[PDB]
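S.K.: Let me begin by handing over the structure; questions about it come next.
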Amino acid sequence: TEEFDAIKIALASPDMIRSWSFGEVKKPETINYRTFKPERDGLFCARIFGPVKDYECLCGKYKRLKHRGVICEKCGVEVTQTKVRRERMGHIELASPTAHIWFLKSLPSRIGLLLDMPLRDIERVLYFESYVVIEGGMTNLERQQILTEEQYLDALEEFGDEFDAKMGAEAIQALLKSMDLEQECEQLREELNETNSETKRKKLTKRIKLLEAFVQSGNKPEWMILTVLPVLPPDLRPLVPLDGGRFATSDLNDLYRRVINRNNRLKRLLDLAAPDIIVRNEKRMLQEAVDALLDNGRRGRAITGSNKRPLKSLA
Amino acid sequence: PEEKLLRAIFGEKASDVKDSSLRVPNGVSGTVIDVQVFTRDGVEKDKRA
Amino acid sequence: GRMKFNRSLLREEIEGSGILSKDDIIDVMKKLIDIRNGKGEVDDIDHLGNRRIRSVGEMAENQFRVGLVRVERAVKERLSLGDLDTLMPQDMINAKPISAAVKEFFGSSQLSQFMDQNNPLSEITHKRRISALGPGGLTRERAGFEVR
Amino acid sequence: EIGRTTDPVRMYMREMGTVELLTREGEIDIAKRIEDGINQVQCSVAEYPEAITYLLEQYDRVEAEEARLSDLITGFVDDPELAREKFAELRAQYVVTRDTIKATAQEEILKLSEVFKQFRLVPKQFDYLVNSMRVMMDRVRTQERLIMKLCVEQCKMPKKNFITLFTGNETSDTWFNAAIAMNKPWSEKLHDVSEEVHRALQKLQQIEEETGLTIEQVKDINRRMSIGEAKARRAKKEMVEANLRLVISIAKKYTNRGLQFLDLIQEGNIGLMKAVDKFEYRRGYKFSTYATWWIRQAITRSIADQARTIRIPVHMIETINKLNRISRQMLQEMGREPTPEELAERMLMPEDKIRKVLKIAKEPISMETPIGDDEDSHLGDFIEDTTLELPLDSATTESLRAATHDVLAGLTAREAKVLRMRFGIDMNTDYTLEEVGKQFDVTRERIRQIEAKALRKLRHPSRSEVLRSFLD
Amino acid sequence: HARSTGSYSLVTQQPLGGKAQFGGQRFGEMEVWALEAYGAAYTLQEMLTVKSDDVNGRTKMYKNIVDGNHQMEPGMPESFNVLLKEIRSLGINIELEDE
Amino acid sequence: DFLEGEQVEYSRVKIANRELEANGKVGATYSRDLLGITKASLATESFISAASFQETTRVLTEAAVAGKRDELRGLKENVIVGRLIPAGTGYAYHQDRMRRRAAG
Amino acid sequence: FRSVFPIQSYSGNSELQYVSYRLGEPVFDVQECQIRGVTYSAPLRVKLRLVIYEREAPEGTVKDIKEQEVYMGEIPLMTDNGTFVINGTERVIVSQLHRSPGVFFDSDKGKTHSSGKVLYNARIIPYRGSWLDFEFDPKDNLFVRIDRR
Amino acid sequence: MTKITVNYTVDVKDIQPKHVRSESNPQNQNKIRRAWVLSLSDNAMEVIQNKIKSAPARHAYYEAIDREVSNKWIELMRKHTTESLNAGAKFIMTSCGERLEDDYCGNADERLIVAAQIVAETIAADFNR
RNA sequence: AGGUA
């Protein structure tokens, strides 16, 4: 009943991620323990992902097949078919932009090679080991260079309100914003016709091929840094009752709970103007949690309470 | 709707309790040789126990 | 461990302190250097003299020692958190961790198995079974033809 | 450090290692500079009339018994009597200072700031006054920046010339003519946008009238404010950074009991900041003692919320902890097991609630765990989908729908038609008896009589036999 | 063990479960290769969609067989929709495009 | 790009096109390269097939950053999709679909 | 017990000393344990004494209190058939064959750091604790590895 | 008023390292920034600092300078290729594509520095107003 | 976990 000649894979944009999402997951709450009705607006939510049982609002308002083309406006919960809960995706609005682990620790690091910047440097910048200049000015400081704590402090003291440098995934995303693909492609095309040096021509050819491929892909490099994180439909990460105190829960559920906890804590700290050490620590939290969720195993494993086993990740 | 029509016709209504009796799994047979009843302390005993 | 340590270094001692001493480390270096010189000889990791059997008692004692270690942490926290004067010691010892860990060992473990009980021979073989797997042994990521 | 590290714990320890521990008098000195900053900001709020008018409005509301007494003030630096006396003399000082506006004025302002120096108010009211003065700053800077944008983008003049000429009265026509006097081209260009600039100046003067003070004093007082909270925030951040070690040490005790250590220390840092905001040395206690309970509360909240997969209320968590402690006590006393009868006896809680709580206290398990102690199959590989209708039942439903449609076709036109909308047969909507009657232009007992006639006709053992099989 | 209807799964729709009536037999990649080796196309599609994971196709097949008719809806296996949603759960776009 | 590792079928249709046409650009010359079975399966035209039975994460990342668009026409691709394979009995069907594509 | 006891307090001079242990008779025999689905286990009761020394001065006991037969858990008791009953099911603990604690002077062969000349390495495997490694390199140098770092 | 802006025009040492990046495999850009930085004196430093009072505003201004110098460099290279073709230079096919003959080729660095200097003069003119 | 091919 579905016809399609081909499948495209590309970089998901924050706007189209919101397009997939039917609601923003704002709470790490799951259910009411004794009453297994999902919370609002938690990882399981009828207000977001759709009703649990067939064609009835989860408020006790509408229970019939008649109320299916109209959603319940008397409360947050909507009324549709239950299979919709297997397809609706959500989104989490990350307070700080977070780097995608796949684009980071793959043997060819797409973030690394697009910035033509070695892996250790990205690891140190993202994990808050050192600063990086997100564009300088009329300084003796390059457009891109890593600086340590004391080096960054010395640059700030020596150079005043002209110095734009941040630290972590925000800095990486700023760098990707400041990089333009088509203009660099034109520059490389001009230089190739003029340059005659072998090594220079090889560098120009490699960079022009890479940038032209990225442009043909129709992707914006900033999308490699996740601003909004999609969350899988609850049915694909099921929570099903089981006898006794044991209940089947998804490792994905715990991972998203951790991500939501750390994101909310970051939001609260930012609202409280917390010291730089604490906010850096919480951004480290968010980066680590997102990395484990996307692929747990390339960050020194993540284990849960009451269970000693590497948590299942999407990868 | 068809179920509602049938219950209106036959005069029957939904049962307040659903059957959950333990059936023998299909494919096996035999004699019930022993029956154990465990009711926790503080809960009323039944005749079989 | 001490008896094997002295045996491989060719000492008449068959007993001593469990913790290493500087003399023991130096002797190990000297033996390894002599083997490098060709004077010494290597030892197989498959000789039954180099592989020891932990029966039920030793495994249970080791796990009980782990339980004693965690309850020791609890006791040492309590001795400073709690009263530094007279208080009855039964109120500061916790049976839950030791018993829970012992039950975890006996019930849910790689080496605690339902007795294969369909023959007297099956029971005898299961009780006489020798496993190279388990906690502290060899994972199935082997072959590793040597041990097999 | 730079040691090819990928653990946030390590470099968090690196960060906390930079700051050296404090002594008992060091905490007092830092809290003293904090108190100096908060006194500076209180004086800044003191020089602002409108926040004081708002405070007096809430005091009057409290006197009218419309608001809680403990939601406005907490303690004083030398009770309803003291509050009434201080607010009465404070209103007197406020009015005598305001009369000087609409030498002597400076003395009245000094006495006013002195009579606020006695006040110690709730953090919420203080935060409200801070936000009000902050939005005063925002509106003043917004008017100034609007004048900036107009004069720069509409007259094409650099931002440097504006600062010297405009500053000093900023609310008069003197600078207009002063800039025009040099016959500059931008001065002539300003005559085509003069109306909007003058209207914005009128709004600025209206803001001054609302404040009741000249805008220059507003800038002076708000700059004193800004430096005040700058000093306060710097000192508070110094306290928080120097006290991270206490948080780490406290949390590492709770790490052995489940939950990530990093989350615990982050929550403890939140509680530490909360304690810092609430800390005082007029009490005479050590800061560490006060912060300890705050950190413990934050850690308990974290374990209650972010450690349980399913939500469990904090009071329910405390009940669970009490139940477990009493269970341990009874277990070590009796020496056999915790019997539910004694558990019921110890609590006011019946026992069925005890067992349901015991069921609740256990956390859900992953399906990724192997069933059968490391079988290569996972638990979730066995869970049957109970929300899916069996194809047997779907086929039964289809056959029943076909049979009901055939039977309705076996009846008359109007009877079958009434039955279709009465129960919603073969349309995605259902209609009430009166709704069908309205469309059948007969709203009486007649429609229900038609329905009963259809039922009686169906009672015959010629149309019920086919439907007899479906319901046994 | 033999089944024509019974225990399905939650996350996927692969039929398995139950100590009373188990699931079907795992038609693993080896058997898919075996079918691909012949010109076995429709049988392979039955192995993949109608009887494995396409819930709508499965119901329609059961109704058709009961009614006495032998044809299938190709549909889409629920496993592939799960794969699409899970890939979209990452920062990765995946879509189905028409010609 | 004078060093591009390219599928030979596309190279062959392109050289056939340039030879039949009056346009002899540039060019174009190629040298067949040999890759191990794992590498050949890893560098196929369809990212679904490569990601299925080999390093899934890296293949998916490469496809996403490159914005690949696999057009099926492969046994495992259609197996994953859940339609008739383009082999044997299904070859008649797909050949029909080929006629329905690129033409009314 | 003698390895872990006595337990010394972190400041307070309140030490816990071990005396002996006693096995209580099981509350249920093998038959009723299998019938009821409960473990066949014996209670463990231990004699302990809390001693408080001079506060505060060099060591020396000032006061001592004795807890007799304190229950610190129930240990499964072995049946006469050589098995244990834990949940009504009769379980067996398989004896494990594992590398003995001591020193192994192993030969490193098959991987040579692109140099040949198979090497030798001495591993000190403790009964409990951290492994120790003394290994060679094809440059005739000796290296120490605590665990596998 | 502000009419002081001296451009640090024309230097042989304006082509001495501009390719320097802190990091491996130097590529285009980060030489453009150095190109328009060394084209302005420290007087221009202080003038830019005083004229714009916002860090994001100066940031965007430097981005605009980068954009305009890049555009003028591109157009200068285009006109150089055009005049070379008009001067009798052809397109040599190398394993990188088309290039010009060496006797008709210069280098991209001097084109970039000339473009940066012209843009520097433009910014000075905009700043002496 | 054990066992089967």
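Chains: A, B, ... in order of the structure tokens. Residues: from 1 per chain. Ligands: from 1, in order shown.
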Could you build a table of the residues in chain H lying no more than 10 Å from chain D, giving for each the nearest pair of atoms and their separation in Å rounded to one decimal place, using only C-alpha atoms, ordered by chain and ascending residue number, as a tab-separated table?
M.R.:
residue	atom	partner	partner_atom	distance
H:1	CA	D:161	CA	6.6
H:2	CA	D:160	CA	8.1
H:50	CA	D:160	CA	7.5
H:51	CA	D:160	CA	6.5
H:52	CA	D:159	CA	7.5
H:53	CA	D:159	CA	8.2
H:127	CA	D:158	CA	9.3
H:129	CA	D:158	CA	8.7
S.K.: Write a file of the just-selected residues containing C-alpha atoms, as a PDB file, in the first residue's frame.
M.R.:
ATOM      1  CA  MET H   1      35.246  63.316  15.876  1.00  0.00           C
ATOM      2  CA  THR H   2      37.156  60.288  14.576  1.00  0.00           C
ATOM      3  CA  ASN H  50      36.385  52.380  20.010  1.00  0.00           C
ATOM      4  CA  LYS H  51      33.946  52.618  17.079  1.00  0.00           C
ATOM      5  CA  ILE H  52      31.990  49.426  17.863  1.00  0.00           C
ATOM      6  CA  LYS H  53      30.910  48.891  21.472  1.00  0.00           C
ATOM      7  CA  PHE H 127      36.291  54.917   9.329  1.00  0.00           C
ATOM      8  CA  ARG H 129      34.085  59.545   7.974  1.00  0.00           C
TER       9      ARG H 129
END
S.K.: Quick one: residues within 10 Å of residue E:11, only C-alpha atoms (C1' of nucleotides) counted, chain neighbours fewer than 6 positions away excluded, as a JSON list (two decimals) with N, CA, C and O atoms, in the first residue's frame?
M.R.:
[["chain", "number", "residue", "atom", "x", "y", "z"],
["A", 86, "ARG", "N", 2.94, 3.80, 18.75],
["A", 86, "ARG", "CA", 4.11, 3.10, 18.23],
["A", 86, "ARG", "C", 4.88, 3.91, 17.20],
["A", 86, "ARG", "O", 5.99, 3.52, 16.82],
["A", 234, "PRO", "N", 7.27, 5.44, 22.70],
["A", 234, "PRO", "CA", 7.33, 4.59, 23.90],
["A", 234, "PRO", "C", 7.14, 3.11, 23.62],
["A", 234, "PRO", "O", 7.73, 2.28, 24.31],
["A", 235, "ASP", "N", 6.32, 2.76, 22.62],
["A", 235, "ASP", "CA", 6.09, 1.34, 22.34],
["A", 235, "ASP", "C", 7.36, 0.64, 21.91],
["A", 235, "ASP", "O", 7.53, -0.55, 22.18],
["A", 236, "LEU", "N", 8.27, 1.35, 21.25],
["A", 236, "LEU", "CA", 9.55, 0.77, 20.86],
["A", 236, "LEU", "C", 10.53, 0.70, 22.02],
["A", 236, "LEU", "O", 11.57, 0.05, 21.90],
["A", 237, "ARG", "N", 10.21, 1.35, 23.14],
["A", 237, "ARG", "CA", 10.95, 1.21, 24.39],
["A", 237, "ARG", "C", 9.94, 0.85, 25.48],
["A", 237, "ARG", "O", 9.67, 1.64, 26.39],
["A", 238, "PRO", "N", 9.37, -0.35, 25.40],
["A", 238, "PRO", "CA", 8.17, -0.65, 26.18],
["A", 238, "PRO", "C", 8.43, -0.70, 27.68],
["A", 238, "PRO", "O", 9.52, -1.01, 28.14],
["D", 380, "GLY", "N", 13.04, -9.55, 27.26],
["D", 380, "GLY", "CA", 12.04, -8.93, 26.41],
["D", 380, "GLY", "C", 11.69, -9.75, 25.19],
["D", 380, "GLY", "O", 10.68, -9.50, 24.53],
["D", 381, "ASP", "N", 12.52, -10.73, 24.86],
["D", 381, "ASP", "CA", 12.24, -11.61, 23.73],
["D", 381, "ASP", "C", 11.07, -12.55, 24.01],
["D", 381, "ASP", "O", 10.63, -13.25, 23.09],
["D", 383, "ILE", "N", 8.22, -11.43, 26.01],
["D", 383, "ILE", "CA", 7.05, -10.68, 26.47],
["D", 383, "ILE", "C", 6.02, -10.63, 25.36],
["D", 383, "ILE", "O", 6.27, -10.09, 24.28],
["D", 384, "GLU", "N", 4.84, -11.19, 25.62],
["D", 384, "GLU", "CA", 3.74, -11.17, 24.68],
["D", 384, "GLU", "C", 3.05, -9.81, 24.64],
["D", 384, "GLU", "O", 2.81, -9.18, 25.67],
["D", 385, "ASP", "N", 2.73, -9.37, 23.43],
["D", 385, "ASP", "CA", 1.98, -8.14, 23.21],
["D", 385, "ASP", "C", 0.52, -8.39, 23.55],
["D", 385, "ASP", "O", -0.18, -9.12, 22.83],
["E", 78, "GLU", "N", 6.60, -4.52, 10.22],
["E", 78, "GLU", "CA", 6.70, -3.59, 11.34],
["E", 78, "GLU", "C", 8.13, -3.44, 11.80],
["E", 78, "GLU", "O", 8.50, -2.40, 12.37],
["E", 79, "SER", "N", 8.97, -4.45, 11.56],
["E", 79, "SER", "CA", 10.37, -4.35, 11.93],
["E", 79, "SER", "C", 11.05, -3.20, 11.19],
["E", 79, "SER", "O", 11.86, -2.48, 11.77],
["E", 82, "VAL", "N", 10.03, 0.05, 12.71],
["E", 82, "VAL", "CA", 10.79, 0.20, 13.94],
["E", 82, "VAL", "C", 12.19, 0.69, 13.63],
["E", 82, "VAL", "O", 12.72, 1.58, 14.31]]
S.K.: Would you give me, as a ChimeraX atom specification, the residues of chain D that come within 6 Å of chain A, using only C-alpha atoms?
M.R.: /D:237,258-259,310,359,362,364-367,428-429
S.K.: Take the residues from that selection and put them in a file with N, CA and C atoms, as a compact mmCIF listing (two decimals), in the first residue's frame.
M.R.:
# COMPACT_ATOMS: atom_id res chain seq x y z
N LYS D 237 29.91 32.69 44.74
CA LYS D 237 30.56 31.72 43.88
C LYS D 237 31.86 31.24 44.50
N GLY D 258 23.85 2.81 45.24
CA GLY D 258 23.21 3.03 43.96
C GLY D 258 23.26 4.49 43.54
N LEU D 259 22.83 4.72 42.29
CA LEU D 259 22.72 6.05 41.68
C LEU D 259 24.10 6.62 41.34
N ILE D 310 10.39 4.26 38.21
CA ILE D 310 9.02 4.76 38.35
C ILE D 310 9.00 5.79 39.47
N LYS D 359 5.87 -3.92 47.52
CA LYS D 359 5.86 -4.14 46.08
C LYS D 359 6.34 -2.89 45.33
N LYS D 362 10.34 -1.89 45.06
CA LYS D 362 11.23 -2.54 44.11
C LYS D 362 11.19 -1.83 42.76
N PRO D 364 11.87 -1.45 38.56
CA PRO D 364 11.72 -2.30 37.37
C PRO D 364 13.07 -2.79 36.87
N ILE D 365 13.06 -3.96 36.24
CA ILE D 365 14.27 -4.58 35.70
C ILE D 365 14.27 -4.44 34.19
N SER D 366 15.47 -4.43 33.60
CA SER D 366 15.60 -4.34 32.15
C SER D 366 15.17 -5.64 31.49
N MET D 367 14.70 -5.54 30.25
CA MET D 367 14.52 -6.75 29.46
C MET D 367 15.82 -7.28 28.90
N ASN D 428 -19.04 5.27 11.45
CA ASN D 428 -18.05 5.61 12.46
C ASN D 428 -18.59 6.57 13.51
N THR D 429 -19.91 6.71 13.60
CA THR D 429 -20.55 7.58 14.57
C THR D 429 -21.72 6.86 15.22
S.K.: Report, in Å with one decimal, the straight-line distance from atom CA of residue A:233 to atom CA of residue A:49.
M.R.: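 So the two atoms, atom CA of residue A:233 and atom CA of residue A:49, lie 6.8 Å apart.
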S.K.: Set out as CSV a contact list for chain G and chain I with a cut-off of 12 Å, giving each residue of chain G that qualifies its closest atom pair and distance in Å to one decimal, counting only C-alpha atoms (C1' of nucleotides), ordered by chain and rising residue number.
M.R.:
residue,atom,partner,partner_atom,distance
G:91,CA,I:1,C1',11.7
G:92,CA,I:2,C1',11.8
G:93,CA,I:1,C1',11.9
G:94,CA,I:2,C1',11.7
S.K.: Using only C-alpha atoms, find the residues of chain F whose closest atom to chain A is at most 12 Å away, then write them as JSON, numbers by chain.
M.R.: {"F": [1, 2, 3, 4, 46, 47, 48, 51, 55, 56, 57, 58, 59, 60, 61, 62, 63, 64, 65, 66, 67, 68, 69, 70, 71, 72, 73, 74, 77, 78, 80, 81, 82, 83, 94, 97, 98, 100, 101, 102]}
S.K.: Need the shell around residue A:191: protein/DNA/RNA residues with any atom at most 8 Å away, counting only C-alpha atoms (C1' of nucleotides). Skip same-chain ones fewer than 5 positions apart. Format as a list in words?
M.R.: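 So the residues in contact are residues 204 of chain A; 77 and 108 of chain H.
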S.K.: Store the residues picked out above in a file with N, CA, C and O atoms, as a PDB file, in the first residue's frame.
M.R.:
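In the end it all went to out_0.pdb:
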ATOM      1  N   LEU A 204      44.229  21.247  -1.953  1.00  0.00           N
ATOM      2  CA  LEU A 204      43.067  21.916  -2.522  1.00  0.00           C
ATOM      3  C   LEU A 204      42.093  20.909  -3.110  1.00  0.00           C
ATOM      4  O   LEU A 204      40.880  21.042  -2.936  1.00  0.00           O
TER       5      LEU A 204
ATOM      6  N   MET H  77      41.167  36.914  -8.566  1.00  0.00           N
ATOM      7  CA  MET H  77      41.684  35.705  -9.196  1.00  0.00           C
ATOM      8  C   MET H  77      40.957  35.417 -10.504  1.00  0.00           C
ATOM      9  O   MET H  77      41.572  34.964 -11.478  1.00  0.00           O
ATOM     10  N   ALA H 108      48.368  32.557  -5.230  1.00  0.00           N
ATOM     11  CA  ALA H 108      47.142  33.045  -4.610  1.00  0.00           C
ATOM     12  C   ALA H 108      47.439  33.960  -3.429  1.00  0.00           C
ATOM     13  O   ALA H 108      46.606  34.796  -3.057  1.00  0.00           O
TER      14      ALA H 108
END
